[PDB]
Amino acid sequence: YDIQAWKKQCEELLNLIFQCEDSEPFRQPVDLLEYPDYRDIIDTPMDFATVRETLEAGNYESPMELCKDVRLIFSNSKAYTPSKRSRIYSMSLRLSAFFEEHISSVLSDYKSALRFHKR
Ligand SMILES: O=C(Nc1nc2ccccc2o1)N1CCN(C(=O)c2ccco2)CC1
Numbered sequence: 045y046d047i048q049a050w051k052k053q054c055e056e057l058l059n060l061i062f063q064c065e066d067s068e069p070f071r072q073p074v075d076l077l078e079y080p081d082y083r084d085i086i087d088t089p090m091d092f093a094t095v096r097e098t099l100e101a102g103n104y105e106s107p108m109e110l111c112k113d114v115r116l117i118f119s120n121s122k123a124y125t126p127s128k129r130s131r132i133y134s135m136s137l138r139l140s141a142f143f144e145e146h147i148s149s150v151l152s153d154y155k156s157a158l159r160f161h162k163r
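Put into structure tokens, the structure is as follows:
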């Protein structure tokens, strides 16, 4: 029922994501010189370095907020892809599956801890 445990669990999961080859394109903000129309399609750039820095600054209150930003990385990739068969989109789908498999317990444990706190 540790209400704070999610933060180190998220740090460890980001470490695993950074070791995944599939995270390569998502590890820093999209380069606008490589993709000059990127901000005509995508509203809010997110990448994993921005998520890690936000966590490490103490600017997430809950793992739900971190999860929303990670999911934005993946929805941005789906919105920008010209094809569902894209290399970088295909990498996003595998990385998303990996992320969702690991974040599930982090969310469940946090929400259970909060419920216990408010019992
Ligand atoms: O420019 C990058 N990644 C990147 N990672 C860097 C590290 C260092 C310097 C520049 C970097 O640029 N990507 C393009 C857009 N993409 C898509 O979601 C997508 C779907 C279909 C085609 O692209 C996301 C990542």
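All the letters of the sequence shown, read from the start, carry residue numbers 45 to 163 under this note's numbering. Built from N, CA and C at the ideal position, the CB exists for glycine as well.
Helix, strand or coil: which one does DSSP assign to residue i?
i      : result
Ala101 : coil
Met135 : helix
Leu158 : helix
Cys111 : helix
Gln48  : coil
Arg163 : coil
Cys54  : helix
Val150 : helix
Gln63  : helix
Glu145 : helix
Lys122 : helix
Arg71  : coil
Smallest Cα separation from residue i: which of the options?
i      : options                       : result
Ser130 : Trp50, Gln53, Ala101, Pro69   : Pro69
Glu65  : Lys51, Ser156, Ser136, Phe118 : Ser136
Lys112 : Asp75, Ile132, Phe160, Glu144 : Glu144
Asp87  : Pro73, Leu77, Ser156, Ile61   : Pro73
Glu105 : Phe62, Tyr82, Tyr154, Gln63   : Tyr154
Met90  : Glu109, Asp75, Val114         : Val114
Just jot down, in chain order, the residues whose CB lies closer than 7 Å to any heavy atom of ligand 1.
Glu68, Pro69, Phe70, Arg71, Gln72, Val74, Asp75, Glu78, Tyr79, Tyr82, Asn120, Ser121, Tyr124, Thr125, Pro126, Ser130, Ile132, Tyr133, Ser136
Counting pairs of Cβ atoms below 8 Å between the region 53-65 and the region 141-154, do you hit three or more?
yes
Assess, as a yes-or-no matter, whether the region 120-127 is touched by the region 96-112 under the definition of 3 or more beta carbon pairs within less than 8 Å.
no
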